[PDB]
Amino acid sequence: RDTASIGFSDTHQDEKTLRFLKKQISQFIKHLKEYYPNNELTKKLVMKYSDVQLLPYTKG
Amino acid sequence: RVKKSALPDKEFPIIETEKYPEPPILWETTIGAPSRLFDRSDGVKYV
Amino acid sequence: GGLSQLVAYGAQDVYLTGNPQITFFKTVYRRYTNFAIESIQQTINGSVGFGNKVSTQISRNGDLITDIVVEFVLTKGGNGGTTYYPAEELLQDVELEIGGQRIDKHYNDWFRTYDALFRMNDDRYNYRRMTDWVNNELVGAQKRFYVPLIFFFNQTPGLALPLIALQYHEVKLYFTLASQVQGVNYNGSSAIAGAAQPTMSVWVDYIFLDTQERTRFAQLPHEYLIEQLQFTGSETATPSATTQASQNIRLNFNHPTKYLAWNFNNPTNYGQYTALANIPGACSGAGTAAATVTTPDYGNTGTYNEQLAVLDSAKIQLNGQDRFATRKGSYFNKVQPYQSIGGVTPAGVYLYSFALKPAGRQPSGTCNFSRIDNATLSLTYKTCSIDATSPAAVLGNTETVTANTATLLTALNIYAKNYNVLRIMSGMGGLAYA
Amino acid sequence: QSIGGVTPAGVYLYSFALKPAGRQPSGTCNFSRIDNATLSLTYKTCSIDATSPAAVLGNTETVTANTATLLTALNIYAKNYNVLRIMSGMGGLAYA
Amino acid sequence: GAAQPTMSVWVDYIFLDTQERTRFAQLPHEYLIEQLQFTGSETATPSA
Amino acid sequence: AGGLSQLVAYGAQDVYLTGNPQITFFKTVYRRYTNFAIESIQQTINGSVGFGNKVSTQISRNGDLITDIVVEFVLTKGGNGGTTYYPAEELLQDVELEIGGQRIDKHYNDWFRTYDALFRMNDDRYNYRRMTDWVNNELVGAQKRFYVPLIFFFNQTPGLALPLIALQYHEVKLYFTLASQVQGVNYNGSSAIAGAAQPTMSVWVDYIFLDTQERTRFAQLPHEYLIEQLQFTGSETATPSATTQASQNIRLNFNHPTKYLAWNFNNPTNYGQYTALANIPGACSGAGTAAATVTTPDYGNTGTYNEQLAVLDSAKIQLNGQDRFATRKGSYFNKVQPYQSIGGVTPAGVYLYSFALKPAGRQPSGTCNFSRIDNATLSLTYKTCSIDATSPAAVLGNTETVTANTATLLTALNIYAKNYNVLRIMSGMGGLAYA
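Residue numbers (the authors' numbering), protein chains in the order written: chain c3, 6 to 65; chain a8, 99 to 145; chain k0, 3 to 436; chain e4, 341 to 436; chain k9, 196 to 243; chain h1, 2 to 436.
Given below as structure tokens:
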């Protein structure tokens, strides 16, 4: 076996609610931000990244 | 079609291709110190 | 002797006694502010009687208040076995208002649910002694009952309500008395001729602080982290003999919730959270020719025999996703309170905690439902195919079935206990969150 | 003295701890430093006729049922404290 | 007298050659996938 | 708990086993070896094969080295099961090994029987029996193909494979003498079995094919080998009396560093009979009942472990008139010597005396060089033949110093010696350095 990854179901799922939609709407426009995901799709994807923490643990 | 004796026979180099994202470690395990064996020396020359 | 153990010291003890930090043999107690507690009777406005709404304003006798007890003098309208926690049933609800704003509210069913989940052992027994007849009393017997309140300030001195710093705002309690109380003025649906009206009294424990503490409370703004009860009633999907009913109940809860609690019941019979059956204590006359599964043994209304409970299984879904894997009703009934409370919960009453210690005062993990768009309690019911009048069927049955009489448990009560902050500033009270 | 509950007949406890029912250590007997630990037990005389309530219930401190000789198994337990060391993705105990 | 079922689960695996297999292990991947949402409900009962 | 609980229990007394470790047990690296292949090639037998005939074969130059040699025979039963005893072994009366005309060695049917009795064991010995006899109760007329492996020094280990490759100018030959009679095949006791078939025969040699580098080395370099030779002296016994203990001093005309001596007493009429016969199960034809004849063996059960039927009471070996060891009982040679030196079980009537720590192996481990012993002599004391062989009680209940009255039939003694000589090969020729 020997799997060193987390696997605790908390890795990439943005488990917020529709409040996340309000948050992403709190970075681009006021009321109907639709033109921002329609045009800035790559910017809307660069605004969606996960946190990172690493821990090596070398050999003996 | 080539005679078997002139066909290659080496299996897919899977162990050279998987490229696990992180290197392997030394899987150390332990039961801890022999607590009844602490500060006990059986290697004594009779004097 | 003991000296032979002291000398048995090794490297391992470095994590127990090496480099010692504390001892156990010289306790140093804390000095504390000077205070005293006086029990004072309040004036009840309106008119006391069955079905009436009455109220009281808490007098400003002391500086802080904690315990509140509502006392009823009731009489037995029938013999032993005809009542079930009647003082608890009588106090249909209590609403706490400060300065015109609602802070909290408890219901007779909540008191029963609360007790079922959070009190235990002799505490629970003594509680029963203060709300019911427990020595096989006979018709005509008269008793004074004491119903303690369970508002946040009634649970710990730490949350004593600072009447002293609520100089501009009155603190009031509104009490709804039940139109009928089993074994007191009604027997099932039948009125009991000649039944007496209750005599009611409200007692409040007021803490008198000495001058320096008293002055400090009066001059400073304060914030108290308190709990509130949220509650709504729902219709129970009718369980059936032929199908397993299921129901998706949207939970209109908000704030950081410590736990959910719920029960199913027969609204006719206070405290009945389970089906009736012809097994000892499970129905009026159980065990004999006169047994009926249309009326409970009121004195033994609550049980532990899960076979008579309606719920098969349940889960909580948040924003479309499971919060935890589906577990059986007995998980919520027995394991949840084992894990988090340590008492024993009666059949038909369920708990799901979002907190490590929901029974305490210190927050220990909460579910903030104000950040959840859709919080749904998903229930699956057992099939009501067991003939309740036949012990062989009642007691020898399977995991997924229940009594035919479980279809009488048509009411569902869902509760949630949460945190909020009570602000007391410049003589006025109110809550931090809405 | 040490727990605060009720223990059924046939079950015995001897604590080295002030509060054995809790997590915080409060006095321990370190058997890793004891060359010879022994439990010494004396049994009751199994002379009481188990089928006769008069004998079962009216008897003396040092006797028991003749059916007590069926209790031929003995289970001795010891609950102790060790340290679970966890680091660099792996772990084990401080002491064997 | 009814018999109990015999069950087996079979998975059909794709074996990649060297270059493709290397890329799959090393590169990040994103798939647009489908999910089924489902709930059961009581049907209002129709009547004559 | 578990295996780590053993590893942790470490101290001063472990240093002598695991300190400054040299090896492991869990990483075997196999040696690279020269590539080779082995072929079974049938040789041509010159001369007529048949009972009593002498035939021969020259080993062909097909491979580079040779090891195993198997002589096949086909025999037909002249009687029913139980009437034969290792008949293929009995048929091959002798085998003579010669290189370039020099005799290297020579084995006898009795040697094969003694060799097997002493050195093969357990399932190996059984498998051997299966290749030389009928062991599944076959009946008269049954036909069977037997395989009799040769046991010359190069036929026992690859390590002594004979370098035909380096013998470019010398023929390597095997001469085989076939017995005039084989019990239960063409003769039954003293009578011939009319109609018995003549045996067929085939000699098979296992040839090793070497790679170029190894083949070249062998072809040009000189080689020196320690090889084995069998010395053998057959003689008349001091046949025991029914009244006393016969004794005998047998001059042993042996030479060379001897690994061991071995011997047996036998009834020359009945192949493999090293003991007396008696009316006890397996000890004679009809044994155990009224019809038993204690003068006719149960051929299929000729051998036995019942020392009561053996005739050696005691023995010692003298070197130049000096005792080599204290006199020991015949059972000491029969049971202990092979226990110690071989590890198998030796049948009654067969005796071993080793000069070597491990005589059953190739590696020399102590020898008696008889080339330096002017007067080597075997001193024997026989048991008294006073026991009535026809009375099971007389046999089974007797003492240490006595045997069967039928033990007086053990008129022949076969003394063998296995020794080491030096075989040298150079410039295409081979031979043995010492006479």
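Cβ atoms here follow ideal geometry from the backbone N, Cα and C, with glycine treated the same way.
Beta-bridge pairing of residue i - partner residues as DSSP gives them
{"i": "residue 46 (chain k0)", "result": "Per DSSP, none; premise fails for residue 46 (chain k0)."}
{"i": "residue 122 (chain h1)", "result": "Paired residues: none, contrary to the question."}
{"i": "residue 17 (chain c3)", "result": "Looking at the DSSP assignment, residue 17 (chain c3) forms no beta bridge with any residue, so it has no partner."}
{"i": "residue 106 (chain k0)", "result": "98 (chain k0)"}
{"i": "residue 451 (chain k0)", "result": "Here chain k0 covers residues 3 to 436 and nothing more, so residue 451 (chain k0) does not appear."}
{"i": "residue 223 (chain k0)", "result": "Residue 223 (chain k0) pairs with nothing; no bridge assigned."}
{"i": "residue 355 (chain h1)", "result": "261 (chain h1)"}
{"i": "residue 201 (chain h1)", "result": "75 (chain h1)"}
{"i": "residue 150 (chain k0)", "result": "71 (chain k0)"}
Assumed close pair residue i, residue j - CB separation to whole angstroms, cut-off 8 Å
{"i": "residue 289 (chain h1)", "j": "residue 299 (chain h1)", "result": "That pair is no contact at about 10 Å."}
{"i": "residue 40 (chain k0)", "j": "residue 21 (chain k0)", "result": "No, residue 40 (chain k0) and residue 21 (chain k0) are not in contact; Cβ-Cβ is about 49 Å, not under 8 Å."}
{"i": "residue 67 (chain k0)", "j": "residue 207 (chain k0)", "result": "7 Å"}
{"i": "residue 41 (chain c3)", "j": "residue 49 (chain c3)", "result": "7 Å"}
{"i": "residue 351 (chain k0)", "j": "residue 118 (chain k0)", "result": "4 Å"}
{"i": "residue 92 (chain k0)", "j": "residue 74 (chain k0)", "result": "6 Å"}
{"i": "residue 84 (chain h1)", "j": "residue 185 (chain h1)", "result": "4 Å"}
{"i": "residue 262 (chain h1)", "j": "residue 333 (chain h1)", "result": "The Cβ separation is near 14 Å, so there is no contact."}
Three-way DSSP call (helix, strand, coil) for residue i in this model
{"i": "residue 248 (chain h1)", "result": "strand"}
{"i": "residue 21 (chain k0)", "result": "coil"}
{"i": "residue 278 (chain k0)", "result": "coil"}
{"i": "residue 413 (chain k0)", "result": "strand"}
{"i": "residue 166 (chain h1)", "result": "helix"}
{"i": "residue 343 (chain k0)", "result": "coil"}
{"i": "residue 431 (chain h1)", "result": "strand"}
{"i": "residue 113 (chain a8)", "result": "helix"}
{"i": "residue 253 (chain h1)", "result": "coil"}
{"i": "residue 376 (chain e4)", "result": "coil"}
{"i": "residue 111 (chain h1)", "result": "helix"}
{"i": "residue 235 (chain k0)", "result": "strand"}
{"i": "residue 193 (chain h1)", "result": "strand"}
{"i": "residue 335 (chain k0)", "result": "helix"}
{"i": "residue 188 (chain h1)", "result": "strand"}
{"i": "residue 302 (chain h1)", "result": "helix"}
{"i": "residue 406 (chain e4)", "result": "helix"}
{"i": "residue 56 (chain h1)", "result": "strand"}
{"i": "residue 103 (chain a8)", "result": "helix"}
{"i": "residue 401 (chain k0)", "result": "coil"}
Candidates the options: closest to residue i by CA position
{"i": "residue 38 (chain h1)", "options": "159 (chain h1), 260 (chain h1), 148 (chain h1)", "result": "159 (chain h1)"}
{"i": "residue 239 (chain k0)", "options": "386 (chain k0), 432 (chain k0), 5 (chain k0), 421 (chain k0)", "result": "386 (chain k0)"}
{"i": "residue 278 (chain h1)", "options": "316 (chain h1), 204 (chain h1), 392 (chain h1)", "result": "392 (chain h1)"}
{"i": "residue 296 (chain k0)", "options": "87 (chain k0), 261 (chain k0), 114 (chain k0), 406 (chain k0)", "result": "406 (chain k0)"}
{"i": "residue 243 (chain k0)", "options": "368 (chain k0), 409 (chain k0), 341 (chain k0), 86 (chain k0)", "result": "409 (chain k0)"}
{"i": "residue 229 (chain k0)", "options": "212 (chain k0), 26 (chain k0), 287 (chain k0), 362 (chain k0)", "result": "362 (chain k0)"}
{"i": "residue 102 (chain k0)", "options": "260 (chain k0), 172 (chain k0), 337 (chain k0), 57 (chain k0)", "result": "172 (chain k0)"}
{"i": "residue 72 (chain h1)", "options": "248 (chain h1), 176 (chain h1), 374 (chain h1), 221 (chain h1)", "result": "176 (chain h1)"}
{"i": "residue 55 (chain h1)", "options": "43 (chain h1), 42 (chain h1), 94 (chain h1)", "result": "94 (chain h1)"}
{"i": "residue 53 (chain h1)", "options": "44 (chain h1), 200 (chain h1), 426 (chain h1)", "result": "200 (chain h1)"}
{"i": "residue 425 (chain k0)", "options": "249 (chain k0), 226 (chain k0), 256 (chain k0)", "result": "226 (chain k0)"}
{"i": "residue 7 (chain c3)", "options": "126 (chain a8), 145 (chain a8), 99 (chain a8), 109 (chain a8)", "result": "126 (chain a8)"}
{"i": "residue 237 (chain k0)", "options": "6 (chain k0), 164 (chain k0), 269 (chain k0)", "result": "269 (chain k0)"}
{"i": "residue 135 (chain a8)", "options": "9 (chain h1), 317 (chain h1), 28 (chain h1)", "result": "9 (chain h1)"}
Contact list for the segment 372-383 of chain e4 against chain a8, Cβ threshold 7 Å: Answer in chain order: 372.
Taking a Cβ distance cut-off of 8 Å, strictly less, list which residues of the segment 104-136 of chain a8 are near chain k0, in chain order. Residues 131, 133, 136.
Under 7 Å, CB to CB, which of the residues in the segment 17-30 of chain k0 have a partner in chain e4? Listed in sequence order: 17, 18, 26.
Taking any Cβ of chain k0, which residues in the segment 9-38 of chain c3 have a Cβ under 8 Å from it, in chain order? If the cut-off is 8 Å between Cβ atoms, the segment 9-38 of chain c3 has 20, 21, 22, 23, 24 near chain k0.
Determine which residues of the segment 289-322 of chain k0 have a Cβ less than 8 Å from any Cβ of chain c3, and write them out in chain order. Within the segment 289-322 of chain k0, the qualifying residues are 321.
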